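Engineer: Encoded as structure tokens, here's the structure I'll be asking about.
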Amino acid sequence: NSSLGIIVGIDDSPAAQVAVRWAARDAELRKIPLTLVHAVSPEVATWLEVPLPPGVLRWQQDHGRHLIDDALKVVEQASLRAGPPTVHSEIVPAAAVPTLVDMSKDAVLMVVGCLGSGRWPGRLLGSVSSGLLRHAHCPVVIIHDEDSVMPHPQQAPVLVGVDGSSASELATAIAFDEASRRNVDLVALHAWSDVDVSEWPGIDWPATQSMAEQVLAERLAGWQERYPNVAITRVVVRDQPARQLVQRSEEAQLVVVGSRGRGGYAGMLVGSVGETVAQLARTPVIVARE
Amino acid sequence: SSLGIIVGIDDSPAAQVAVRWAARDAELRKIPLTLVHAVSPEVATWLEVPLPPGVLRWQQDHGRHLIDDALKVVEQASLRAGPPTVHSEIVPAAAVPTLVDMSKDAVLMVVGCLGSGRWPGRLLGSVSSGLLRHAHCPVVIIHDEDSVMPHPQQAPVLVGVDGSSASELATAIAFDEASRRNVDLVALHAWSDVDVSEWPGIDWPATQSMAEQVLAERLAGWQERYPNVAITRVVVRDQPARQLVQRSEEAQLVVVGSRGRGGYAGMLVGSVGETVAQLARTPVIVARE
Ligand SMILES: Nc1ncnc2c1ncn2[C@@H]1O[C@H](COP(=O)(O)OP(=O)(O)OP(=O)(O)O)[C@@H](O)[C@H]1O
Ligand SMILES: Nc1ncnc2c1ncn2[C@@H]1O[C@H](COP(=O)(O)OP(=O)(O)OP(=O)(O)O)[C@@H](O)[C@H]1O
Ligand SMILES: Nc1ncnc2c1ncn2[C@@H]1O[C@H](COP(=O)(O)OP(=O)(O)OP(=O)(O)O)[C@@H](O)[C@H]1O
Ligand SMILES: Nc1ncnc2c1ncn2[C@@H]1O[C@H](COP(=O)(O)OP(=O)(O)OP(=O)(O)O)[C@@H](O)[C@H]1O
Ligand SMILES: [Mg+2]
Ligand SMILES: [Mg+2]
Ligand SMILES: [Mg+2]
Ligand SMILES: [Mg+2]
């Protein structure tokens, strides 16, 4: 029903804080509810012959309430003026992924930090963001603890990766929708080849590039007509869409990609471009899920 | 298991040391070694134009060169007579679907962590990642700085135990592997899957002692099946992934399950299983049923 509006998962981490800032702005901008969720699993998680103390389950509730507390304070600083219509807040006694995945059935956007409290130097995606990226029933927004969310009005355009797939169409819709609402420009990018064609002999790229830029323009005709107020900038590159998007994300305020594409295989939950852009991009990333 | 040990080949440092490891293991178990390189002969494009038949021939020529190199690496890595059988296949399909299908007849599936498409930042390639989630047998992840050639290698085999059925499989291969290599085994258990540092009123020493007692109990039986492998039990507070990664520096092999006692329905690989696979400092076997 999408009545929950923009859900945002919360924990004790920088990413989650700046994730709230972003989720607040978008909920305000879109004029829809902003749900704040923090999950605490109350299941027995250790060997039964070694139980946990009773004073620990209550401590998590208090910790949780103290988090939501600060979160609600951040929702205020983030608002440009009005703030989102409804401002909803919850501490669910269940595991983070299962609860957030279930709640996404009634959400417009699902927003979480990319790394959480159990992070360390090596990792680049936590279990919550990862599971959400693979199972959510709505677009998932990944925020990094160095993303620029405070500045306004943000002039940086919206970058989107298109590849013709159905999952990519959804991503496009989101990209334009988000672009006009923010009143900024849109950069559509297509890598001719999904496969890395560095050593491929007898290509002749300059010839192929000119032909592609035309087909790109033809596919974006319906979208340009539907969104006359937003200025499209088409870019065709040879290959390596993930690495292309990640580098060009530095000159954009928001990157949008599908969760699937032309390639992949049976049983794949999230594509490698989707996953890689979400991990390495320098700005907020929206991974479109049906 | 007619295919024995399958190793996926591509042009990359990790894939090369993966072949070294696979060869040693296939030799050790005296089972077939199967080298596989997959080339996707089609590149779906918007123009809907097929590939110049000249390019299509080049990648067969490229696969041929990889195999030739790989076959030499196999005999360089063989300590004695090597694997009883060595096979190479060049399959005209995508790597993941190809390898996932072949894993139905493999004892182990060996691939590098990163491939020829690697670039700074990425920890796992699409093939290693897809194999971790989908393979029909245990998957071995090799890193390009993994020590494989030095022999004899007396470092222990490290295994993470959490009590789950998938963890039970991990234990099985950890002992099998340690037994065949004539080395010792370190079984590590983290009492809590989630962080516990800030939790009030624990009493760690008493909880640790009770846990160590249960660990020993579960490992009895394995010990009785494997009298010659000296077990070492380590019980830590929490953070099993970071603990395993840190302790891998002093093992020659780490074994974990693909799933644990946590997770959810639809999860293909646990966060500990994956994090160990990508951050560990030695070969990592991830157990799959
Ligand atoms: N308990 C939770 N409830 C709701 N959302 C959460 C919760 N924990 C984390 N999140 C969200 O997920 C984002 C990433 O946290 P995640 O837990 O996935 O990473 P991590 O803690 O570093 O890794 P891991 O949890 O696997 O040890 C956080 O920034 C936050 O937005
Ligand atoms: N060639 C491309 N050019 C521009 N964007 C792309 C390209 N390929 C994928 N994308 C973006 O990434 C999103 C997810 O596609 P992805 O390729 O990750 O899924 P997939 O093709 O099923 O997986 P894989 O390519 O790893 O086999 C696409 O919907 C699109 O938004
Ligand atoms: N074409 C292939 N055929 C067989 N095995 C492969 C093939 N490509 C990669 N592998 C195996 O997977 C390991 C990791 O490579 P992978 O391709 O997953 O990483 P990458 O190339 O950096 O990622 P990506 O292909 O998604 O850009 C390689 O070391 C190799 O063992
Ligand atoms: N607490 C632990 N102590 C020792 N080993 C562990 C522990 N947790 C996980 N492992 C190792 O990791 C393997 C995979 O389990 P993992 O925890 O990754 O899956 P899961 O619990 O189902 O998923 P998740 O932990 O993210 O909810 C286990 O089989 C075990 O070998
Ligand atoms: Mg966490
Ligand atoms: Mg793709
Ligand atoms: Mg590759
Ligand atoms: Mg676990």
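Identifiers in this document derive from the order of the structure tokens: chains are assigned A, B, ..., residues are numbered from 1 separately in each chain, and ligands are numbered from 1 in order of occurrence.
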Using only C-alpha atoms, I'd like a table of the residues in chain A that come within 7 Å of chain B; for each, show the closest atom pair and its distance in Å rounded to one decimal, ordered by chain and ascending number, as JSON lines.
Structural biologist:
```
{"residue": "A:45", "atom": "CA", "partner": "B:192", "partner_atom": "CA", "distance": 6.9}
{"residue": "A:46", "atom": "CA", "partner": "B:192", "partner_atom": "CA", "distance": 6.1}
{"residue": "A:50", "atom": "CA", "partner": "B:207", "partner_atom": "CA", "distance": 6.4}
{"residue": "A:53", "atom": "CA", "partner": "B:202", "partner_atom": "CA", "distance": 6.7}
{"residue": "A:56", "atom": "CA", "partner": "B:199", "partner_atom": "CA", "distance": 6.4}
{"residue": "A:98", "atom": "CA", "partner": "B:264", "partner_atom": "CA", "distance": 6.8}
{"residue": "A:122", "atom": "CA", "partner": "B:279", "partner_atom": "CA", "distance": 6.7}
{"residue": "A:127", "atom": "CA", "partner": "B:271", "partner_atom": "CA", "distance": 5.9}
{"residue": "A:192", "atom": "CA", "partner": "B:45", "partner_atom": "CA", "distance": 6.5}
{"residue": "A:193", "atom": "CA", "partner": "B:45", "partner_atom": "CA", "distance": 6.5}
{"residue": "A:200", "atom": "CA", "partner": "B:55", "partner_atom": "CA", "distance": 6.5}
{"residue": "A:201", "atom": "CA", "partner": "B:55", "partner_atom": "CA", "distance": 6.3}
{"residue": "A:265", "atom": "CA", "partner": "B:97", "partner_atom": "CA", "distance": 6.8}
{"residue": "A:272", "atom": "CA", "partner": "B:126", "partner_atom": "CA", "distance": 6.3}
```
Engineer: Determine which residues of range 94-207 of chain A receive a DSSP assignment of alpha helix (DSSP H), computed from the backbone, and state them as a ChimeraX atom specification.
Structural biologist: /A:96-103,127-135,166-182,205-207
Engineer: Take the residues just selected and output them with N, CA and C atoms as a CSV table (one decimal), in the first residue's frame.
Structural biologist:
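Output contents, as saved in result15.csv:
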```csv
chain,number,residue,atom,x,y,z
A,96,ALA,N,16.8,-7.6,12.2
A,96,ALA,CA,16.7,-6.4,11.3
A,96,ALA,C,16.3,-6.7,9.9
A,97,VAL,N,16.9,-7.7,9.3
A,97,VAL,CA,16.5,-7.9,7.8
A,97,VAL,C,15.1,-8.4,7.7
A,98,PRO,N,14.7,-9.5,8.3
A,98,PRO,CA,13.3,-10.0,8.2
A,98,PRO,C,12.3,-8.9,8.4
A,99,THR,N,12.5,-8.1,9.4
A,99,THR,CA,11.5,-7.1,9.7
A,99,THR,C,11.5,-6.0,8.7
A,100,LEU,N,12.6,-5.5,8.3
A,100,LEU,CA,12.7,-4.4,7.3
A,100,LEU,C,12.3,-4.9,5.9
A,101,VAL,N,12.6,-6.1,5.6
A,101,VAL,CA,12.1,-6.7,4.3
A,101,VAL,C,10.6,-6.8,4.3
A,102,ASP,N,10.0,-7.2,5.4
A,102,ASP,CA,8.6,-7.3,5.5
A,102,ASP,C,7.9,-6.0,5.4
A,103,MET,N,8.5,-5.0,6.1
A,103,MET,CA,7.9,-3.6,6.1
A,103,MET,C,8.0,-2.9,4.7
A,127,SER,N,25.5,-6.8,6.9
A,127,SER,CA,24.5,-7.9,6.6
A,127,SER,C,23.1,-7.3,6.4
A,128,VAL,N,22.7,-6.2,7.0
A,128,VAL,CA,21.4,-5.5,6.8
A,128,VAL,C,21.3,-4.9,5.4
A,129,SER,N,22.2,-4.0,5.1
A,129,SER,CA,22.2,-3.4,3.8
A,129,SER,C,22.3,-4.5,2.7
A,130,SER,N,23.1,-5.5,2.9
A,130,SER,CA,23.3,-6.6,1.9
A,130,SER,C,22.0,-7.4,1.7
A,131,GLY,N,21.3,-7.8,2.8
A,131,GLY,CA,20.1,-8.6,2.7
A,131,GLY,C,19.0,-7.8,2.2
A,132,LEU,N,19.0,-6.5,2.5
A,132,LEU,CA,17.9,-5.6,2.0
A,132,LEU,C,18.1,-5.4,0.5
A,133,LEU,N,19.3,-5.3,0.1
A,133,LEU,CA,19.7,-5.1,-1.3
A,133,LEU,C,19.2,-6.3,-2.2
A,134,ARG,N,19.1,-7.5,-1.5
A,134,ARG,CA,18.7,-8.7,-2.2
A,134,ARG,C,17.3,-9.2,-2.0
A,135,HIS,N,16.6,-8.6,-1.1
A,135,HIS,CA,15.2,-9.1,-0.7
A,135,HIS,C,14.1,-8.1,-0.6
A,166,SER,N,14.0,-4.6,-17.8
A,166,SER,CA,12.8,-4.1,-17.1
A,166,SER,C,13.2,-3.5,-15.8
A,167,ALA,N,14.1,-4.1,-15.1
A,167,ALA,CA,14.6,-3.6,-13.8
A,167,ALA,C,15.3,-2.2,-14.0
A,168,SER,N,15.8,-2.0,-15.3
A,168,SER,CA,16.4,-0.7,-15.6
A,168,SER,C,15.4,0.4,-15.9
A,169,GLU,N,14.2,0.0,-16.4
A,169,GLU,CA,13.1,0.9,-16.7
A,169,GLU,C,12.7,1.5,-15.3
A,170,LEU,N,12.5,0.7,-14.3
A,170,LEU,CA,12.1,1.1,-13.0
A,170,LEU,C,13.1,2.1,-12.5
A,171,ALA,N,14.4,1.8,-12.6
A,171,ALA,CA,15.4,2.7,-12.2
A,171,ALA,C,15.3,4.1,-12.9
A,172,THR,N,15.0,4.0,-14.2
A,172,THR,CA,14.9,5.3,-15.0
A,172,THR,C,13.7,6.1,-14.4
A,173,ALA,N,12.6,5.5,-14.3
A,173,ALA,CA,11.4,6.2,-13.7
A,173,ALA,C,11.8,6.9,-12.4
A,174,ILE,N,12.4,6.2,-11.5
A,174,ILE,CA,12.9,6.8,-10.2
A,174,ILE,C,13.8,7.9,-10.5
A,175,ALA,N,14.8,7.8,-11.4
A,175,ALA,CA,15.8,8.8,-11.7
A,175,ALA,C,15.1,10.1,-12.2
A,176,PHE,N,14.2,10.0,-13.0
A,176,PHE,CA,13.5,11.2,-13.5
A,176,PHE,C,12.6,11.8,-12.5
A,177,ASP,N,11.8,11.0,-11.8
A,177,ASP,CA,10.9,11.4,-10.7
A,177,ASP,C,11.7,12.2,-9.7
A,178,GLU,N,12.9,11.6,-9.3
A,178,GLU,CA,13.7,12.2,-8.3
A,178,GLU,C,14.4,13.5,-8.8
A,179,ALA,N,14.6,13.5,-10.1
A,179,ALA,CA,15.3,14.6,-10.7
A,179,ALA,C,14.5,15.9,-10.8
A,180,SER,N,13.2,15.8,-11.3
A,180,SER,CA,12.3,16.9,-11.4
A,180,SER,C,12.0,17.5,-10.0
A,181,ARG,N,11.7,16.6,-9.1
A,181,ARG,CA,11.4,17.0,-7.7
A,181,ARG,C,12.5,17.8,-7.1
A,182,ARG,N,13.7,17.4,-7.3
A,182,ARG,CA,14.9,18.2,-6.8
A,182,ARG,C,15.2,19.4,-7.7
A,205,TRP,N,35.8,1.4,-32.1
A,205,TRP,CA,34.9,2.0,-31.1
A,205,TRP,C,34.3,3.3,-31.6
A,206,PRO,N,35.1,4.3,-32.1
A,206,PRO,CA,34.5,5.5,-32.6
A,206,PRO,C,33.3,5.4,-33.5
A,207,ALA,N,33.3,4.3,-34.3
A,207,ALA,CA,32.2,4.1,-35.2
A,207,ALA,C,31.0,3.6,-34.4
```
Engineer: Mind running chain A against ligand 2 at 6 Å and telling me each contacting residue's nearest atom pair with the distance in Å (one decimal), counting only C-alpha atoms and all ligand atoms, chain and number ascending, as a Markdown table?
Structural biologist:
```
| residue | atom | partner | partner_atom_place_in_ligand_line | distance |
| --- | --- | --- | --- | --- |
| A:161 | CA | ligand 2 | 5 (N) | 3.5 |
| A:162 | CA | ligand 2 | 5 (N) | 4.3 |
| A:163 | CA | ligand 2 | 7 (C) | 4.7 |
| A:167 | CA | ligand 2 | 29 (O) | 5.1 |
| A:168 | CA | ligand 2 | 29 (O) | 3.8 |
| A:189 | CA | ligand 2 | 4 (C) | 5.5 |
| A:190 | CA | ligand 2 | 3 (N) | 3.8 |
| A:191 | CA | ligand 2 | 3 (N) | 3.8 |
| A:192 | CA | ligand 2 | 1 (N) | 5.8 |
| A:193 | CA | ligand 2 | 1 (N) | 5.7 |
| A:194 | CA | ligand 2 | 1 (N) | 4.6 |
| A:241 | CA | ligand 2 | 3 (N) | 4.7 |
| A:257 | CA | ligand 2 | 31 (O) | 3.4 |
| A:258 | CA | ligand 2 | 29 (O) | 3.4 |
| A:259 | CA | ligand 2 | 14 (C) | 4.6 |
| A:260 | CA | ligand 2 | 19 (O) | 3.5 |
| A:261 | CA | ligand 2 | 21 (O) | 3.5 |
| A:262 | CA | ligand 2 | 21 (O) | 4.4 |
| A:263 | CA | ligand 2 | 21 (O) | 3.4 |
| A:264 | CA | ligand 2 | 27 (O) | 3.1 |
| A:271 | CA | ligand 2 | 18 (O) | 3.2 |
| A:272 | CA | ligand 2 | 26 (O) | 3.8 |
| A:273 | CA | ligand 2 | 18 (O) | 3.4 |
| A:274 | CA | ligand 2 | 18 (O) | 4.2 |
```
Engineer: For those residues, write N, CA and C atoms to a file as a short mmCIF file (atom, residue, chain, number, x, y, z; two decimals), in the first residue's frame.
Structural biologist:
```cif
data_model
loop_
_atom_site.label_atom_id
_atom_site.label_comp_id
_atom_site.auth_asym_id
_atom_site.auth_seq_id
_atom_site.Cartn_x
_atom_site.Cartn_y
_atom_site.Cartn_z
N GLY A 161 22.10 4.60 -14.55
CA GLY A 161 22.62 3.61 -15.49
C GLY A 161 21.49 2.84 -16.14
N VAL A 162 21.40 2.92 -17.47
CA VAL A 162 20.37 2.21 -18.21
C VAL A 162 21.00 1.08 -19.02
N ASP A 163 20.26 -0.02 -19.19
CA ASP A 163 20.75 -1.14 -19.99
C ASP A 163 19.63 -1.84 -20.76
N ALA A 167 14.14 -4.10 -15.09
CA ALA A 167 14.63 -3.56 -13.83
C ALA A 167 15.28 -2.20 -14.05
N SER A 168 15.77 -1.97 -15.26
CA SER A 168 16.43 -0.72 -15.59
C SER A 168 15.40 0.37 -15.90
N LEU A 189 23.52 7.14 -18.50
CA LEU A 189 24.74 6.50 -18.96
C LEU A 189 24.51 5.05 -19.36
N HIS A 190 25.03 4.68 -20.53
CA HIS A 190 24.93 3.31 -21.01
C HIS A 190 26.29 2.80 -21.47
N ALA A 191 26.70 1.66 -20.92
CA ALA A 191 27.88 0.97 -21.41
C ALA A 191 27.44 0.01 -22.50
N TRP A 192 27.96 0.21 -23.70
CA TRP A 192 27.62 -0.62 -24.85
C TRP A 192 27.76 -2.11 -24.52
N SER A 193 28.88 -2.47 -23.91
CA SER A 193 29.13 -3.85 -23.54
C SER A 193 29.15 -4.06 -22.02
N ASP A 194 28.47 -5.10 -21.56
CA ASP A 194 28.53 -5.51 -20.16
C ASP A 194 29.89 -6.14 -19.87
N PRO A 241 30.34 -0.76 -16.91
CA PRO A 241 29.35 0.20 -16.42
C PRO A 241 29.53 0.49 -14.93
N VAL A 257 20.36 2.85 -10.09
CA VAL A 257 20.52 1.67 -10.92
C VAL A 257 19.47 0.63 -10.55
N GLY A 258 19.20 -0.30 -11.45
CA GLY A 258 18.30 -1.41 -11.14
C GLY A 258 18.99 -2.43 -10.26
N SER A 259 18.25 -3.44 -9.83
CA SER A 259 18.84 -4.51 -9.04
C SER A 259 19.24 -5.67 -9.95
N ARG A 260 18.74 -5.63 -11.19
CA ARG A 260 19.03 -6.63 -12.20
C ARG A 260 19.24 -5.96 -13.56
N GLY A 261 19.71 -6.72 -14.54
CA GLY A 261 19.96 -6.18 -15.87
C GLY A 261 19.81 -7.18 -16.99
N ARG A 262 20.53 -6.93 -18.08
CA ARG A 262 20.52 -7.82 -19.25
C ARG A 262 21.08 -9.19 -18.91
N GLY A 263 22.11 -9.21 -18.06
CA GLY A 263 22.85 -10.43 -17.78
C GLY A 263 22.31 -11.23 -16.61
N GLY A 264 23.21 -11.63 -15.72
CA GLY A 264 22.84 -12.41 -14.56
C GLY A 264 22.51 -13.86 -14.88
N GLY A 271 22.35 -7.96 -9.07
CA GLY A 271 23.40 -7.96 -10.08
C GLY A 271 24.70 -7.36 -9.58
N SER A 272 25.79 -7.63 -10.29
CA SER A 272 27.11 -7.20 -9.86
C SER A 272 27.33 -5.71 -10.04
N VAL A 273 26.69 -5.12 -11.05
CA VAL A 273 26.80 -3.68 -11.25
C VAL A 273 26.03 -2.98 -10.14
N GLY A 274 24.82 -3.45 -9.88
CA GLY A 274 24.01 -2.91 -8.79
C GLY A 274 24.75 -2.97 -7.47
#
```
Engineer: Taking only C-alpha atoms and all ligand atoms into account, report as a PyMOL selection string which residues have an atom no farther than 7 Å from an atom of ligand 1.
Structural biologist: (chain A and resi 8-11+13+15-16+19+37-40+96+111-120+125-130) or (chain B and resi 271)
Engineer: Please return as JSON, numbers by chain: the residues of range 43-274 of chain B that backbone DSSP assigns to strand (DSSP E or B).
Structural biologist: {"B": [86, 87, 88, 89, 90, 91, 106, 107, 108, 109, 110, 111, 112, 139, 140, 141, 142, 157, 158, 159, 160, 185, 186, 187, 188, 189, 190, 231, 232, 233, 234, 235, 236, 253, 254, 255, 256, 257]}
Engineer: Near residue 252 in chain B, within 10 Å and counting only C-alpha atoms, which residues show up once chain neighbours fewer than 5 positions away are dropped, as a PyMOL selection string?
Structural biologist: chain B and resi 146-148+153-158+178+183+281-284
Engineer: As a quick test: using only C-alpha atoms and all ligand atoms, which residues lie no more than 6 Å away from ligand 3? Give them as an MDAnalysis selection string.
Structural biologist: chainID B and resid 8:10 12 14:15 36:39 95 111:118 125:128
Engineer: I want to know what sits within 10 Å of residue 281 in chain A, based on only C-alpha atoms, with residues of the same chain fewer than 5 positions away left out; could you give that as a tab-separated table (two decimals) with N, CA, C and O atoms, in the first residue's frame?
Structural biologist:
```tsv
chain	number	residue	atom	x	y	z
A	142	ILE	N	21.07	3.26	-0.49
A	142	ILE	CA	22.28	3.02	0.28
A	142	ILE	C	23.03	4.33	0.52
A	142	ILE	O	23.37	5.03	-0.44
A	143	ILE	N	23.28	4.66	1.78
A	143	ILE	CA	23.98	5.90	2.13
A	143	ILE	C	25.35	5.60	2.72
A	143	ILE	O	25.52	4.63	3.47
A	144	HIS	N	26.34	6.42	2.38
A	144	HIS	CA	27.70	6.27	2.89
A	144	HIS	C	28.00	7.42	3.84
A	144	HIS	O	27.56	8.55	3.62
A	147	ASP	N	28.71	10.84	2.39
A	147	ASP	CA	27.83	11.39	1.36
A	147	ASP	C	27.42	12.82	1.71
A	147	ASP	O	27.25	13.15	2.89
A	242	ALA	N	29.80	-0.54	-14.14
A	242	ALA	CA	29.98	-0.37	-12.70
A	242	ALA	C	31.05	0.67	-12.41
A	242	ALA	O	30.79	1.68	-11.75
A	243	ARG	N	32.26	0.43	-12.91
A	243	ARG	CA	33.38	1.32	-12.65
A	243	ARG	C	33.16	2.71	-13.25
A	243	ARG	O	33.62	3.71	-12.69
A	245	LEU	N	30.09	4.20	-13.61
A	245	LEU	CA	29.12	4.84	-12.73
A	245	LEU	C	29.77	5.29	-11.42
A	245	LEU	O	29.54	6.41	-10.95
A	246	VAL	N	30.59	4.43	-10.83
A	246	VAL	CA	31.24	4.74	-9.57
A	246	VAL	C	32.14	5.97	-9.66
A	246	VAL	O	32.22	6.75	-8.72
A	247	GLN	N	32.83	6.14	-10.79
A	247	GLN	CA	33.73	7.27	-10.94
A	247	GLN	C	32.95	8.55	-11.21
A	247	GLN	O	33.28	9.61	-10.68
A	248	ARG	N	31.91	8.44	-12.03
A	248	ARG	CA	31.09	9.58	-12.40
A	248	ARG	C	30.12	9.97	-11.29
A	248	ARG	O	29.42	10.98	-11.39
A	249	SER	N	30.07	9.17	-10.23
A	249	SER	CA	29.20	9.46	-9.10
A	249	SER	C	29.72	10.65	-8.30
A	249	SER	O	28.98	11.27	-7.55
A	250	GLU	N	31.00	10.96	-8.47
A	250	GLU	CA	31.60	12.11	-7.80
A	250	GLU	C	31.04	13.44	-8.30
A	250	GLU	O	31.09	14.44	-7.59
A	254	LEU	N	23.10	12.00	-6.65
A	254	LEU	CA	22.36	10.75	-6.51
A	254	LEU	C	22.59	9.84	-7.71
A	254	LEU	O	22.52	10.28	-8.86
A	255	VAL	N	22.86	8.56	-7.44
A	255	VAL	CA	23.01	7.57	-8.50
A	255	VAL	C	21.89	6.54	-8.41
A	255	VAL	O	21.56	6.08	-7.33
A	276	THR	N	28.01	-3.47	-6.88
A	276	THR	CA	29.28	-2.75	-6.88
A	276	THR	C	29.10	-1.24	-6.81
A	276	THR	O	29.85	-0.55	-6.10
```
Engineer: What does the structure give for the distance between CA of residue 287 in chain A and CA of residue 238 in chain A, in Å to one decimal?
Structural biologist: 22.5 Å
Engineer: Residues near residue 232 in chain A, anyone? I mean within 9 Å using only C-alpha atoms, not counting same-chain ones fewer than 2 positions away, as a ChimeraX atom specification.
Structural biologist: /A:185-188,220,224,230,234
Engineer: Would you save the residues of that selection, restricted to N, CA, C and O atoms, as a PDB file, in the first residue's frame?
Structural biologist:
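out_30.pdb, written as the output of this step:
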```pdb
ATOM      1  N   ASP A 185      19.360  18.389 -13.090  1.00  0.00           N
ATOM      2  CA  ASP A 185      19.526  17.703 -14.367  1.00  0.00           C
ATOM      3  C   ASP A 185      19.731  16.199 -14.200  1.00  0.00           C
ATOM      4  O   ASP A 185      19.964  15.709 -13.095  1.00  0.00           O
ATOM      5  N   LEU A 186      19.634  15.475 -15.308  1.00  0.00           N
ATOM      6  CA  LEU A 186      19.791  14.029 -15.295  1.00  0.00           C
ATOM      7  C   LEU A 186      20.866  13.586 -16.283  1.00  0.00           C
ATOM      8  O   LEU A 186      20.915  14.059 -17.419  1.00  0.00           O
ATOM      9  N   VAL A 187      21.735  12.684 -15.838  1.00  0.00           N
ATOM     10  CA  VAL A 187      22.749  12.101 -16.705  1.00  0.00           C
ATOM     11  C   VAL A 187      22.464  10.616 -16.916  1.00  0.00           C
ATOM     12  O   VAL A 187      22.624   9.809 -16.000  1.00  0.00           O
ATOM     13  N   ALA A 188      22.026  10.264 -18.120  1.00  0.00           N
ATOM     14  CA  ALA A 188      21.810   8.865 -18.471  1.00  0.00           C
ATOM     15  C   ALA A 188      23.092   8.277 -19.046  1.00  0.00           C
ATOM     16  O   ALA A 188      23.690   8.847 -19.958  1.00  0.00           O
ATOM     17  N   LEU A 220      15.138   7.238 -24.786  1.00  0.00           N
ATOM     18  CA  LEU A 220      14.856   8.288 -23.811  1.00  0.00           C
ATOM     19  C   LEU A 220      13.893   9.352 -24.341  1.00  0.00           C
ATOM     20  O   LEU A 220      13.677  10.380 -23.694  1.00  0.00           O
ATOM     21  N   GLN A 224      11.795  12.034 -22.124  1.00  0.00           N
ATOM     22  CA  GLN A 224      12.035  13.462 -22.300  1.00  0.00           C
ATOM     23  C   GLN A 224      10.714  14.203 -22.487  1.00  0.00           C
ATOM     24  O   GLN A 224      10.520  15.297 -21.954  1.00  0.00           O
ATOM     25  N   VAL A 230      13.157  18.735 -17.179  1.00  0.00           N
ATOM     26  CA  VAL A 230      14.485  18.247 -16.796  1.00  0.00           C
ATOM     27  C   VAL A 230      15.393  17.979 -18.008  1.00  0.00           C
ATOM     28  O   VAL A 230      15.001  17.300 -18.961  1.00  0.00           O
ATOM     29  N   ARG A 234      23.012  12.669 -22.322  1.00  0.00           N
ATOM     30  CA  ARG A 234      23.300  11.283 -22.668  1.00  0.00           C
ATOM     31  C   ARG A 234      24.793  11.017 -22.792  1.00  0.00           C
ATOM     32  O   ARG A 234      25.530  11.811 -23.374  1.00  0.00           O
TER      33      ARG A 234
END
```
Engineer: Check the smallest atom-to-atom distance from each of A:286, A:236, A:18, A:197 to residue 77 in chain A using only C-alpha atoms, then report the winner.
Structural biologist: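 Under the stated criterion, the closest residue is A:18.
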Engineer: When you look at residue 1 in chain A with a cut-off of 9 Å (counting only C-alpha atoms), what residues show up, excluding the ones that are within fewer than 2 positions of it in the same chain? I need them as a list in words.
Structural biologist: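 Selected residues are residues 3, 4, 105, 106, 107 and 108 of chain A.
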Engineer: Compare B:176, B:11, B:184, B:68 by their minimum atom-to-atom distance to ligand 7, counting only C-alpha atoms and all ligand atoms, and give me the closest one.
Structural biologist: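 The answer is B:11, which sits nearest to ligand 7.
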Engineer: Rank nothing, just name the residue among A:7, A:217, A:252, A:231 nearest to residue 154 in chain A, using only C-alpha atoms.
Structural biologist: A:252
